[PDB]
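# Analysis of the macromolecular model
Residue strings, one per chain:
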2 protein chains.
Amino acid sequence: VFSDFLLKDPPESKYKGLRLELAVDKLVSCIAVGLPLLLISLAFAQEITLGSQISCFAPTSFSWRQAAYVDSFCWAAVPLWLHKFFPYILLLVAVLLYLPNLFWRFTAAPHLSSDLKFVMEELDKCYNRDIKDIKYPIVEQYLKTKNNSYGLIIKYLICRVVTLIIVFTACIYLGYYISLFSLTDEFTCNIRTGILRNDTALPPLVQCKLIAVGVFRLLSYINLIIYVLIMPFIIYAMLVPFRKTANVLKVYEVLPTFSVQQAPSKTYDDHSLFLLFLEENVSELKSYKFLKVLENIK
Amino acid sequence: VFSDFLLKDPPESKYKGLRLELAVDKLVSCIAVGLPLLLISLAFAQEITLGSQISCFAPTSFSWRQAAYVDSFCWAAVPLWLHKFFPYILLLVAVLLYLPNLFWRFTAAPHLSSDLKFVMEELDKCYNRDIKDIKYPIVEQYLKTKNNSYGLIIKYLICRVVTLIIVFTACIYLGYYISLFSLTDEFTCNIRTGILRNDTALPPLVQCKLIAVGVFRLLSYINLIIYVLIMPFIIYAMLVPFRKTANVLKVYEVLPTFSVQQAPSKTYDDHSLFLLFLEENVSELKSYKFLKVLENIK
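Residues numbered from 1 in each chain as written, not as in the entry; some residues may be left out. Chains lettered and ligands numbered in written order. Part of a larger assembly, values for the part shown. Heavy atoms only, no water. Residues with missing side-chain atoms left out of burial classes, pairs and counts.

## A closer look at the state of the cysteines
So the rule is basically this: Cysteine sulfur atoms are paired as a disulfide whenever they fall within 2.5 Å. Think of it in three bands: residues with accessible area under 20% of the maximum for their type are buried, residues over 50% are exposed, and the middle band is partly exposed, with areas taken using a 1.4 Å probe on protein chains only.
In the structure shown here, the tally under the stated rule is four disulfides over all chains. The disulfide that involves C74(A) links it to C189(A), with 2.0 Å between the sulfurs. Residues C74(A) and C189(A) share a disulfide whose torsion about the S-S bond is about -95°; that sign makes it left-handed. Of the residues examined, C189(A) reaches a relative accessible area of 6% and is grouped as buried. Residue pairing for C56(B): its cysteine sulfur links by disulfide to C208(B), the two sulfurs lying 2.0 Å apart. Across the S-S bond linking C56(B) and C208(B), the dihedral sits near 115°, which makes this disulfide right-handed. Exposure remark for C56(B): the relative accessible area of 5% places this residue in the buried category. Each disulfide in chain A links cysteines that, numbered along the sequence, combine into the pattern 1-4, 2-3. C159(A) takes part in no disulfide bond, and the closest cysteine sulfur to it belongs to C30(B), at a distance of 14 Å. Residue classification places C159(A) among the buried residues on the basis of a relative accessible area of 3%.

Pasting the structure below:
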């Protein structure tokens, strides 16, 4: 009947902590954000301890400031900018990896939270009414409405694709850096450009060794290992229809007011993602344990 | 009848988190504020690691402090001030981009929040009364009153226009800097002005190379790419009437006390912006899901 649709008695803070993000996605994002931040914090601290990036052997005739000038000249411009922009690139990739979390929180979190709250409220009310009667399937209709939408799934896929693309780009950059800075970390520098061509009082070439190359190599190796370890998790999370989902509704047709589920399908609609979130958050539902034990009774 | 106008029972904290800013606007503002701040923090840290901005080759006859004096002279005054004022300009544009958020929060947030609260309260009360009757359109009148106002839409347009203008000015400045500081980062410096003209003990010219030019170029490239990526979002947000709006009222004429909407129009009035905010915040409304499932029933 049209008597259960009243909403004059809504819960205040009954749920208080609904999980709006999947556990594996949260873990992957947390790792991929924390590791670069900590590693470049370590790099900044280590070079602050060191105080320089490149060391060049200047002739004894040169004074202190002439040696400083040649050091600065050789530090500015085989691709050399890879070693110079490594921490900035790591910050950029860390910020880009943190961005999808903000996008998901700002574009899809409130609607998903409201839908989950409504669905579990309806489930609990229907279970209580049915268990009181034994001493209308609103949830089924809401899921049927969700069966044709495409917004939340598109947002989730966009977040996962952006994260995967950023991770792959970072992996490519780190591998290229590791391959390039492997033979040596020293080169020759020519202090000749400009007016310095005329005078021959300066050596034609000076040996310049790049410092902290080994530390950067170790950080690149760690980042590459972590990223190639976490990439399969992102790939698996992308395949929403093929996730190992446990049908929470499979235990709910024991009640008389629930029909047997038919036509699973669940290719790339909001039904699949919503079912995944419902399975994740079913721990809060009070009636789930009662339904499970009642099913195990028979 | 004139009996539903009582207000002796208002909710205390029923809503608790109404979204007073659009998701895309919030994301654009957050990105355009965070990126420059982090990038100039990186620039400050990097030069603190470096400790200098310009390196000049001084003659061996010069002492330490004479070289420091010529370094300072060449650092002070082809436009050179572009490289000197880059972080200050970035802070200025970041603060100017953060200003519209404060303007919107101080001038339009409370009134919009109150209007939204009143509208959803009226919607919920009318739905409950109608669903109780089946076992006066105050919202329509309030929207008709809002159909002639122009304040909130003017404030929103002012915020968007200011943000777009600041972003475009920053893009122009960054492009000009990138174009200018591309051929070289070194020049010649003349230590002659004042009493130094008479004595010939100083070289007529000295080579001075600007340091951190490549880092500034990379930061400018990143800022320009991000800003030209986010500008179309601002342009789309400016076109309020042409937004892909979903009529939340389209599901509300099922109730007998609701009339069919007519004359959409919605050119540049507060009705369009208020409808956009209502569609964004409809997730909090309890009756929206019930109306959706009832509409899907038929």
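## A closer look at the pattern of salt bridges
Opposite charge on two side chains lets them pair, provided their charged atoms get close. In plain terms, the rule: By salt bridge we mean one thing: a side-chain nitrogen of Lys or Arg within 4 Å of a carboxyl oxygen of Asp or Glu. Each helix is a run of DSSP H or I of at least 4 residues and each strand a run of E of at least 2, with the numbering of both proceeding from the N terminus.
In the structure shown here, the tally under the stated rule is 16 salt bridges over all chains. The shortest N-O distance in the salt bridge between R129(A) and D4(A) comes to 2.8 Å. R129(A) sits in the partly exposed class, given a relative accessible area of 26%. Since its relative accessible area comes to 30%, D4(A) is described here as partly exposed. A salt bridge links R65(A) to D71(B), with the shortest nitrogen-to-oxygen separation between them at 3.2 Å. One end of the pair, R65(A), is in helix α2 (residues 64-75); the other, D71(B), is in helix α2 (residues 64-75), on a second chain. Each of the two residues, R65(A) as well as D71(B), counts as buried.

## A few points about the pairing of strand β3 (residues 206-210) of chain B
All names here are of chain B. Heads up, the rule is: Pairing between strands is defined by DSSP: at least two bridges between them are needed.
Counting buried positions over the five residues of β3 gives five, a clear majority of the element. What you see with β3 is no split at all: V206, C208 and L210 on one side and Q207 and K209 on the other are buried throughout. Looking at chain direction, strand β1 (residues 54-56) and β3 are connected through three bridges and run antiparallel. Opposite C56, over in β3, you have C208 as the bridge partner.

## Overview of the sheet that holds strand β2 (residues 186-189) of chain A
Two orientations exist for strands paired in a sheet by backbone hydrogen bonds: parallel and antiparallel. Residue and element names in this part refer to chain A. Here is the rule: Each axis is a line fitted through C-alpha atoms, and for a helix only the stretch in contact is used; angles between axes span 0 to 180 degrees, taken between their N-to-C directions. Here a residue-residue contact requires only that any non-hydrogen atoms of the pair lie within 4.5 Å.
Read across the open sheet, the three strands follow the order β1-β3-β2; overall the sheet is antiparallel. Each edge of the sheet is formed by a strand with only one pairing partner; in this case those strands are β1 (54-56) and β2. Taken pair by pair, the neighbouring strands of this sheet meet at an average axis angle of 30°, ignoring direction. Taken together, the four bridges between β2 and strand β3 (residues 206-210) define a ladder with antiparallel strand orientation. What sits directly across from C189, in β3, is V206. α2 contacts β1, β2 and β3 of the sheet and is inclined by roughly 125° relative to β1.

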